[PDB]
Amino acid sequence: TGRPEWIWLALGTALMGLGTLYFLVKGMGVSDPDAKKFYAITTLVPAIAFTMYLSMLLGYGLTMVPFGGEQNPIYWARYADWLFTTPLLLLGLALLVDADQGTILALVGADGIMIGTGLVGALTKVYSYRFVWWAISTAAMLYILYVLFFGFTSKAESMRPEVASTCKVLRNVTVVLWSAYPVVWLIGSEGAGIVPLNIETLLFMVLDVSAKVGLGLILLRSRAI
Amino acid sequence: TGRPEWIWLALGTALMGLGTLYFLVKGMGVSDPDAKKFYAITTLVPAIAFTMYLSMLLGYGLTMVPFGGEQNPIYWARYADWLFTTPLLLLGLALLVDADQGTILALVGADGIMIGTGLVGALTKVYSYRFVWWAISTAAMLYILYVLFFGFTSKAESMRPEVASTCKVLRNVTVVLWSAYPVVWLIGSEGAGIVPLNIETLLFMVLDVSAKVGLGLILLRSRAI
Amino acid sequence: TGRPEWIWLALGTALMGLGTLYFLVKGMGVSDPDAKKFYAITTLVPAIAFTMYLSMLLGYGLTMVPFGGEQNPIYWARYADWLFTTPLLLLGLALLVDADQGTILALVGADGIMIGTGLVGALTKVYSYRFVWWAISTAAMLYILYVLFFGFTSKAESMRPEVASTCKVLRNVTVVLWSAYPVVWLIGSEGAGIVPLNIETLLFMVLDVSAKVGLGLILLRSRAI
Ligand SMILES: *C/C=C(C)/C=C/C=C(C)/C=C/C1=C(C)CCCC1(C)C
Ligand SMILES: *C/C=C(C)/C=C/C=C(C)/C=C/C1=C(C)CCCC1(C)C
Ligand SMILES: *C/C=C(C)/C=C/C=C(C)/C=C/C1=C(C)CCCC1(C)C
Ligand SMILES: [Cl-]
Ligand SMILES: [Cl-]
Ligand SMILES: [Cl-]
């Protein structure tokens with residue numbers, strides 16, 4: 001394909017594909033009912049990401065949205081990805097910090113709102129409004145990141161100073177990470193146009209592989225803890 | 001905006017927004033695992049309603065549907081709202097009447113069908129058929145309201161005559177309420193055209209704030225009971 | 001209606017409708033919390049199928065998709081059906097083989113992917129790619145059928161040789177059945193065009209009534225077992 005971004009989408013499809021295969025094989029020999037849940041989650045995330053990245057690469061997950069006086073290329077497929085993978089990623093984190101059912105419901109609902117309002121902002125035909133939908137979506141994220149920071153910090157403490165002060169390098173990687181997405185959307189082609197589309201695609205691809213594959217490894221791992 | 005309904009959509013966005021804020025603050029100081037679930041639910045409902053009302057106000061949640069020989073303005077956004085808020089509202093009621101898992105599954109599935117068939121009826125391009133999809137949707141509602149009436153009435157009894165004969169003014173408000181929606185859709189602009197679009201918008205806005213904010217307060221409250 | 005397939009869609013709407021009514025009545029007199037779940041599931045499946053079949057019959061669930069140099073009639077509604085009914089059908093099977101939560105999550109997630117990629121393949125405007133999305137979807141199915149075969153075979157054993165060697169004629173009917181769908185899609189009008197649209201509609205209608213109504217009866221039944 002010609003579109004400059006094909007390479008980052010092709011690289012994302014390759015990587016997510018490799019990660020889901022690695023997690024499918026790693027998940028063989030697991031019979032513990034809770035190692036099974038964590039493996040179900042950790043494997044499904046990159047599997048969904050793989051399909052959505054391929055849809056963007058093959059051109060299906062792409063659409064044109066008029067605003068600011070132009071026909072802007074908007075990859076709606078990402079939101080379909082994030083719509084299922086983010087709930088699943090918080091699910092893993094919540095099972096981790098042995099959070100209660102009500103908390104899982106708040107995080108997930110707030111996460112649906114966050115992705116749902118991002119897609120509306122991503123598809124709004126009136127320029128200025130996109131940013132209103134960007135703020136509401138980021139407000140829903142501060143909420144999420146809030147509940148998480150005190151989900152990890154509340155658990156980080158109940159463990160030794162070598163393992164307590166560690167479930168901290170998970171809480172921490174997970175929050176800086178997520179915070180990248182709003183800034184990538186805002187300076188990107190959906191948000192402002194400060195950064196070109198092929199760089200924005202690169203930024204999101206480096207972020208997506210980090211949070212689904214990279215972190216998944218880190219997450220799965222540090223069980224004992 | 002000019003569209004006559006902007007005022008009811010603006011009023012709905014303001015109110016839902018105020019209610020979700022009130023529920024976010026009220027929900028601070030809750031550590032009981034089950035008060036947490038009820039607060040998650042009660043707060044999320046108006047939060048989703050707020051976003052969908054804003055989408056209709058900003059013009060995104062609106063679409064044109066041809067039928068009867070005209071380009072009719074249909075707010076598809078309402079169905080996206082109801083799609084998540086109604087399941088969540090029955091969830092609160094079911095946790096209340098300590099209903100079993102199977103019952104929750106029947107109510108929720110039947111509720112998805114009810115909203116799903118309302119959207120199809122709302123989007124059908126053949127006039128007469130809209131009413132077929134209206135009947136199927138209302139049949140799915142009688143089912144819901146049925147299971148609920150005997151969920152509350154079954155619990156209403158197990159309590160004293162002062163508190164039994166009360167979880168009755170909840171069962172009761174909840175059924176009259178929901179029953180309004182079909183009649184508003186039928187006489188409205190989606191259904192018949194007996195009532196104009198701006199009045200229909202007013203009718204739905206008075207109903208939506210009553211069931212998410214108004215009732216939410218009433219629901220949250222009457223816990224002891 | 002004229003479209004040759006109306007008869008199979010009309011027959012599907014009639015049958016699914018009859019099956020859901022039969023399951024609604026049969027489900028009266030059930031108070032056991034787990035017979036309630038199985039009845040919720042078994043009844044909802046054909047209820048959703050009924051609505052989606054009617055949408056296809058009334059012409060709403062149909063859409064035109066260009067590929068191979070033609071305007072091909074694609075019933076998108078089937079995927080909306082399968083999107084909710086397949087998860088629900090595996091739910092019944094999983095509760096049956098007393099599978100754990102993690103397994104249910106793997107099966108369901110993989111099932112969402114399977115239906116999601118079938119819809120993308122069904123809606124792809126580039127001919128060759130449809131088959132790529134067909135393979136990925138069938139890969140997600142082998143996974144499902146895999147986990148199931150060892151869900152039933154693992155349970156098939158724990159029972160006598162008369163009842164063990166039986167939960168085998170369920171495991172078995174369920175796998176041959178599902179395997180039909182990919183071959184019907186591939187030789188059908190969405191996939192290759194070897195079989196005409198009205199025969200493809202017939203093939204899917206004979207399969208859908210078998211797995212929702214026919215099997216539902218078989219499933220519900222063989223409880224003791
Ligand atoms: C695998 C992907 C992950 C972990 C994605 C996370 C995404 C977000 C937190 C996205 C947030 C957004 C906003 C807060 C504003 C609007 C733009 C979004 C949707 C990118
Ligand atoms: C916050 C909103 C609530 C409580 C909404 C409830 C909605 C209904 C019970 C809607 C029912 C409908 C029908 C029975 C027929 C078709 C039209 C609908 C979707 C309005
Ligand atoms: C009531 C319906 C049932 C049990 C449907 C089951 C459907 C499938 C297993 C469909 C599978 C498909 C593929 C593997 C490839 C693409 C085409 C599909 C979606 C028909
Ligand atoms: Cl494609
Ligand atoms: Cl908007
Ligand atoms: Cl229709």
# chains A, B, ... in the order shown; residues from 1 in each chain; ligands from 1
>>> residues_near_ligand(ligand="ligand 5", cutoff="9 Å", atoms="only C-alpha atoms and all ligand atoms", output="PyMOL selection string")
(chain A and resi 120-121+123-126+129-130+132-133) or (chain B and resi 54-61)
>>> write_last_selection(atoms="N, CA, C and O atoms", output="PDB file, in the first residue's frame")
ATOM      1  N   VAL A 120     -16.855   9.776  19.427  1.00  0.00           N
ATOM      2  CA  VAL A 120     -17.752  10.857  19.032  1.00  0.00           C
ATOM      3  C   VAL A 120     -16.911  12.080  18.700  1.00  0.00           C
ATOM      4  O   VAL A 120     -17.150  12.756  17.697  1.00  0.00           O
ATOM      5  N   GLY A 121     -15.912  12.354  19.537  1.00  0.00           N
ATOM      6  CA  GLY A 121     -15.021  13.473  19.276  1.00  0.00           C
ATOM      7  C   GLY A 121     -14.275  13.221  17.974  1.00  0.00           C
ATOM      8  O   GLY A 121     -14.065  14.144  17.180  1.00  0.00           O
ATOM      9  N   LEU A 123     -15.325  11.591  15.513  1.00  0.00           N
ATOM     10  CA  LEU A 123     -16.233  11.623  14.364  1.00  0.00           C
ATOM     11  C   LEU A 123     -17.056  12.915  14.231  1.00  0.00           C
ATOM     12  O   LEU A 123     -17.870  13.030  13.314  1.00  0.00           O
ATOM     13  N   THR A 124     -16.853  13.870  15.137  1.00  0.00           N
ATOM     14  CA  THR A 124     -17.579  15.141  15.088  1.00  0.00           C
ATOM     15  C   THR A 124     -17.158  15.968  13.880  1.00  0.00           C
ATOM     16  O   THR A 124     -15.965  16.133  13.605  1.00  0.00           O
ATOM     17  N   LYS A 125     -18.153  16.497  13.171  1.00  0.00           N
ATOM     18  CA  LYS A 125     -17.902  17.257  11.957  1.00  0.00           C
ATOM     19  C   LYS A 125     -17.680  18.740  12.212  1.00  0.00           C
ATOM     20  O   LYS A 125     -17.309  19.480  11.304  1.00  0.00           O
ATOM     21  N   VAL A 126     -17.919  19.163  13.454  1.00  0.00           N
ATOM     22  CA  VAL A 126     -17.675  20.547  13.871  1.00  0.00           C
ATOM     23  C   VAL A 126     -16.362  20.593  14.651  1.00  0.00           C
ATOM     24  O   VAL A 126     -16.247  20.013  15.727  1.00  0.00           O
ATOM     25  N   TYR A 129     -15.996  21.457  18.663  1.00  0.00           N
ATOM     26  CA  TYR A 129     -16.684  20.483  19.500  1.00  0.00           C
ATOM     27  C   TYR A 129     -15.863  19.249  19.808  1.00  0.00           C
ATOM     28  O   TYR A 129     -15.995  18.674  20.881  1.00  0.00           O
ATOM     29  N   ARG A 130     -15.017  18.850  18.858  1.00  0.00           N
ATOM     30  CA  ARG A 130     -14.148  17.677  19.003  1.00  0.00           C
ATOM     31  C   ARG A 130     -13.376  17.778  20.313  1.00  0.00           C
ATOM     32  O   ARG A 130     -13.200  16.789  21.024  1.00  0.00           O
ATOM     33  N   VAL A 132     -14.309  19.503  22.960  1.00  0.00           N
ATOM     34  CA  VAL A 132     -15.207  19.413  24.093  1.00  0.00           C
ATOM     35  C   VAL A 132     -15.304  17.930  24.425  1.00  0.00           C
ATOM     36  O   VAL A 132     -15.169  17.532  25.584  1.00  0.00           O
ATOM     37  N   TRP A 133     -15.530  17.110  23.394  1.00  0.00           N
ATOM     38  CA  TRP A 133     -15.597  15.649  23.549  1.00  0.00           C
ATOM     39  C   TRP A 133     -14.208  15.081  23.971  1.00  0.00           C
ATOM     40  O   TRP A 133     -14.126  13.999  24.535  1.00  0.00           O
TER      41      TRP A 133
ATOM     42  N   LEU B  54     -25.800  15.682  25.293  1.00  0.00           N
ATOM     43  CA  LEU B  54     -24.914  16.677  24.712  1.00  0.00           C
ATOM     44  C   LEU B  54     -24.712  16.382  23.221  1.00  0.00           C
ATOM     45  O   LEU B  54     -24.606  17.311  22.421  1.00  0.00           O
ATOM     46  N   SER B  55     -24.657  15.096  22.851  1.00  0.00           N
ATOM     47  CA  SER B  55     -24.471  14.706  21.449  1.00  0.00           C
ATOM     48  C   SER B  55     -25.692  15.136  20.637  1.00  0.00           C
ATOM     49  O   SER B  55     -25.564  15.559  19.495  1.00  0.00           O
ATOM     50  N   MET B  56     -26.874  15.029  21.238  1.00  0.00           N
ATOM     51  CA  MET B  56     -28.111  15.452  20.584  1.00  0.00           C
ATOM     52  C   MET B  56     -28.161  16.981  20.503  1.00  0.00           C
ATOM     53  O   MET B  56     -28.605  17.527  19.494  1.00  0.00           O
ATOM     54  N   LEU B  57     -27.721  17.659  21.567  1.00  0.00           N
ATOM     55  CA  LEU B  57     -27.681  19.128  21.606  1.00  0.00           C
ATOM     56  C   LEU B  57     -26.693  19.683  20.570  1.00  0.00           C
ATOM     57  O   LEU B  57     -27.001  20.647  19.863  1.00  0.00           O
ATOM     58  N   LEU B  58     -25.509  19.073  20.494  1.00  0.00           N
ATOM     59  CA  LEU B  58     -24.470  19.490  19.556  1.00  0.00           C
ATOM     60  C   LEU B  58     -24.774  19.033  18.126  1.00  0.00           C
ATOM     61  O   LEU B  58     -24.070  19.396  17.178  1.00  0.00           O
ATOM     62  N   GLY B  59     -25.815  18.216  17.984  1.00  0.00           N
ATOM     63  CA  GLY B  59     -26.264  17.752  16.678  1.00  0.00           C
ATOM     64  C   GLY B  59     -25.664  16.446  16.161  1.00  0.00           C
ATOM     65  O   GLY B  59     -26.035  15.975  15.081  1.00  0.00           O
ATOM     66  N   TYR B  60     -24.750  15.835  16.906  1.00  0.00           N
ATOM     67  CA  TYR B  60     -24.158  14.574  16.469  1.00  0.00           C
ATOM     68  C   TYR B  60     -25.144  13.397  16.588  1.00  0.00           C
ATOM     69  O   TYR B  60     -25.291  12.605  15.651  1.00  0.00           O
ATOM     70  N   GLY B  61     -25.834  13.304  17.723  1.00  0.00           N
ATOM     71  CA  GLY B  61     -26.775  12.213  17.945  1.00  0.00           C
ATOM     72  C   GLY B  61     -28.091  12.323  17.164  1.00  0.00           C
ATOM     73  O   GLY B  61     -29.079  11.692  17.523  1.00  0.00           O
TER      74      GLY B  61
END
>>> residues_around(residues="residue 182 (chain A)", least_positions_apart="5", cutoff="9 Å", atoms="only C-alpha atoms", output="PyMOL selection string")
chain A and resi 134+137-138+187
>>> residues_around(residues="region 76-88 of chain A", least_positions_apart="2", cutoff="6 Å", atoms="only C-alpha atoms", output="VMD selection string")
chain A and resid 45 49 52 61 to 62 74 90 to 91 108
>>> residues_around(residues="residue 139 (chain A)", least_positions_apart="2", cutoff="12 Å", atoms="only C-alpha atoms", output="PyMOL selection string")
(chain A and resi 110-111+113-115+117-118+132-137+141-146+179+182) or (chain B and resi 47)
>>> interface_residues(of="chain C", to="chain B", cutoff="9 Å", atoms="only C-alpha atoms", output="number ranges by chain")
C: 33-41, 43-44, 47-48, 51, 55, 58, 60
>>> closest_residue(among="C:167, C:209, C:173, C:202", to="ligand 3", atoms="only C-alpha atoms and all ligand atoms")
C:209
>>> select_by_dssp(residues="region 27-140 of chain C", states="alpha helix (DSSP H)", output="ChimeraX atom specification")
/C:33-57,77-96,101-123,127-140
>>> atom_distance(atom1="CA of residue 4 (chain C)", atom2="CA of residue 200 (chain C)")
11.2 Å
>>> atom_distance(atom1="CA of residue 66 (chain A)", atom2="CA of residue 183 (chain A)")
21.7 Å
>>> decode(residues="region 30-181 of chain A", atoms="C-alpha atoms", output="tab-separated table (two decimals), in the first residue's frame")
chain	number	residue	atom	x	y	z
A	30	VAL	CA	-2.30	-23.55	33.11
A	31	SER	CA	-4.98	-25.34	35.13
A	32	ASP	CA	-5.28	-22.94	38.06
A	33	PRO	CA	-8.69	-21.30	37.80
A	34	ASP	CA	-7.24	-17.80	38.36
A	35	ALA	CA	-4.10	-18.12	36.23
A	36	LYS	CA	-6.67	-19.12	33.56
A	37	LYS	CA	-8.53	-15.78	33.88
A	38	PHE	CA	-5.35	-13.73	33.69
A	39	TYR	CA	-4.27	-15.72	30.62
A	40	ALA	CA	-7.66	-15.38	28.97
A	41	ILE	CA	-7.46	-11.59	29.40
A	42	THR	CA	-3.76	-11.15	28.52
A	43	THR	CA	-4.14	-13.20	25.34
A	44	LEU	CA	-7.44	-11.76	24.11
A	45	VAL	CA	-6.24	-8.14	24.28
A	46	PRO	CA	-3.48	-8.45	21.60
A	47	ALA	CA	-5.77	-10.81	19.58
A	48	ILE	CA	-8.39	-8.07	19.24
A	49	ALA	CA	-5.66	-5.48	18.62
A	50	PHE	CA	-4.29	-7.70	15.85
A	51	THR	CA	-7.63	-7.81	14.02
A	52	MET	CA	-8.24	-4.08	14.35
A	53	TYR	CA	-4.70	-3.24	13.18
A	54	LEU	CA	-5.17	-5.47	10.14
A	55	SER	CA	-8.50	-3.75	9.37
A	56	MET	CA	-6.69	-0.39	9.38
A	57	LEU	CA	-3.83	-1.83	7.27
A	58	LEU	CA	-6.26	-3.38	4.75
A	59	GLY	CA	-8.14	-0.07	4.72
A	60	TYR	CA	-11.45	-1.22	6.23
A	61	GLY	CA	-10.99	0.44	9.64
A	62	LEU	CA	-10.44	3.85	7.95
A	63	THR	CA	-13.03	6.54	7.18
A	64	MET	CA	-13.21	10.15	5.97
A	65	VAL	CA	-14.59	12.88	8.34
A	66	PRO	CA	-15.09	16.48	7.20
A	67	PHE	CA	-14.04	19.30	9.55
A	68	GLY	CA	-12.02	22.52	9.41
A	69	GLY	CA	-12.77	22.55	5.69
A	70	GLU	CA	-11.20	19.23	4.73
A	71	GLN	CA	-11.75	15.51	4.23
A	72	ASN	CA	-9.74	14.17	7.18
A	73	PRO	CA	-8.67	10.45	7.32
A	74	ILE	CA	-9.94	9.04	10.61
A	75	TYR	CA	-9.17	5.46	11.67
A	76	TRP	CA	-12.40	4.60	13.43
A	77	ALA	CA	-11.08	1.05	13.97
A	78	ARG	CA	-8.83	2.08	16.86
A	79	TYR	CA	-11.89	2.90	18.98
A	80	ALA	CA	-13.38	-0.50	18.28
A	81	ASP	CA	-10.07	-1.94	19.47
A	82	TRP	CA	-9.87	0.21	22.60
A	83	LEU	CA	-13.55	-0.44	23.27
A	84	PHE	CA	-12.87	-4.05	24.19
A	85	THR	CA	-9.18	-4.06	25.12
A	86	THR	CA	-9.21	-1.24	27.69
A	87	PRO	CA	-12.06	-2.86	29.75
A	88	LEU	CA	-10.14	-6.09	29.62
A	89	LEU	CA	-6.86	-4.42	30.67
A	90	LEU	CA	-8.52	-2.77	33.74
A	91	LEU	CA	-10.12	-6.16	34.48
A	92	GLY	CA	-6.66	-7.66	34.80
A	93	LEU	CA	-5.49	-4.81	37.02
A	94	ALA	CA	-8.62	-5.02	39.20
A	95	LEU	CA	-8.38	-8.79	39.72
A	96	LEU	CA	-4.76	-8.02	40.68
A	97	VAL	CA	-5.47	-5.48	43.39
A	98	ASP	CA	-8.31	-7.81	44.51
A	99	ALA	CA	-10.76	-4.93	43.97
A	100	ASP	CA	-14.46	-5.46	44.65
A	101	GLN	CA	-17.23	-5.90	42.09
A	102	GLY	CA	-18.55	-2.35	42.50
A	103	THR	CA	-15.15	-0.83	41.73
A	104	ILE	CA	-14.77	-2.98	38.61
A	105	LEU	CA	-18.19	-1.66	37.51
A	106	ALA	CA	-17.17	1.97	38.04
A	107	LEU	CA	-13.85	1.58	36.18
A	108	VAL	CA	-15.38	-0.31	33.26
A	109	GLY	CA	-18.43	1.95	32.86
A	110	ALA	CA	-16.20	5.04	33.05
A	111	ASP	CA	-13.93	3.37	30.48
A	112	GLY	CA	-16.82	2.78	28.09
A	113	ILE	CA	-17.71	6.46	28.43
A	114	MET	CA	-14.06	7.44	27.84
A	115	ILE	CA	-13.80	5.43	24.61
A	116	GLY	CA	-17.35	6.24	23.53
A	117	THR	CA	-16.78	10.00	23.84
A	118	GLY	CA	-13.41	9.69	22.09
A	119	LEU	CA	-15.12	8.11	19.08
A	120	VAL	CA	-17.75	10.86	19.03
A	121	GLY	CA	-15.02	13.47	19.28
A	122	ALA	CA	-13.15	11.55	16.58
A	123	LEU	CA	-16.23	11.62	14.36
A	124	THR	CA	-17.58	15.14	15.09
A	125	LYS	CA	-17.90	17.26	11.96
A	126	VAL	CA	-17.67	20.55	13.87
A	127	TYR	CA	-14.04	21.37	14.68
A	128	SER	CA	-14.32	23.09	18.07
A	129	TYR	CA	-16.68	20.48	19.50
A	130	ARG	CA	-14.15	17.68	19.00
A	131	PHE	CA	-12.17	19.27	21.84
A	132	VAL	CA	-15.21	19.41	24.09
A	133	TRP	CA	-15.60	15.65	23.55
A	134	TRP	CA	-11.80	15.37	24.11
A	135	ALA	CA	-12.06	17.05	27.55
A	136	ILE	CA	-15.05	14.93	28.69
A	137	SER	CA	-13.16	11.82	27.61
A	138	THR	CA	-10.01	12.89	29.48
A	139	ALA	CA	-12.16	13.68	32.53
A	140	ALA	CA	-13.41	10.10	32.40
A	141	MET	CA	-9.74	9.06	32.27
A	142	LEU	CA	-8.59	11.05	35.28
A	143	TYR	CA	-11.38	9.29	37.11
A	144	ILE	CA	-10.09	5.87	35.94
A	145	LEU	CA	-6.42	6.64	36.62
A	146	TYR	CA	-7.59	8.02	39.98
A	147	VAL	CA	-9.41	4.87	41.11
A	148	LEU	CA	-6.40	2.80	39.88
A	149	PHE	CA	-3.70	4.84	41.61
A	150	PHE	CA	-5.48	4.14	44.90
A	151	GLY	CA	-6.16	0.55	43.91
A	152	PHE	CA	-2.45	-0.11	43.49
A	153	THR	CA	-1.26	2.19	46.27
A	154	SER	CA	-3.78	0.52	48.63
A	155	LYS	CA	-2.35	-2.88	47.69
A	156	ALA	CA	1.24	-1.73	47.22
A	157	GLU	CA	0.90	-1.56	51.01
A	158	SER	CA	0.32	-4.99	52.41
A	159	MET	CA	3.50	-6.22	50.99
A	160	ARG	CA	7.10	-5.95	51.95
A	161	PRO	CA	9.21	-2.91	51.15
A	162	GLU	CA	10.89	-4.87	48.21
A	163	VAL	CA	7.60	-6.12	46.74
A	164	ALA	CA	5.43	-3.19	47.94
A	165	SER	CA	7.80	-0.77	46.39
A	166	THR	CA	7.35	-2.57	43.08
A	167	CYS	CA	3.65	-3.15	42.53
A	168	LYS	CA	4.49	0.53	42.36
A	169	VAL	CA	6.47	0.23	39.14
A	170	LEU	CA	3.23	-1.29	37.67
A	171	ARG	CA	0.84	1.24	39.05
A	172	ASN	CA	3.32	3.83	37.73
A	173	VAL	CA	3.88	2.43	34.20
A	174	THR	CA	0.24	2.05	33.74
A	175	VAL	CA	-0.61	5.63	34.47
A	176	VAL	CA	1.99	7.39	32.47
A	177	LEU	CA	1.15	5.19	29.66
A	178	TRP	CA	-2.54	5.83	29.44
A	179	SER	CA	-1.92	9.59	29.85
A	180	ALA	CA	-0.04	9.45	26.53
A	181	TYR	CA	-3.17	8.63	24.51
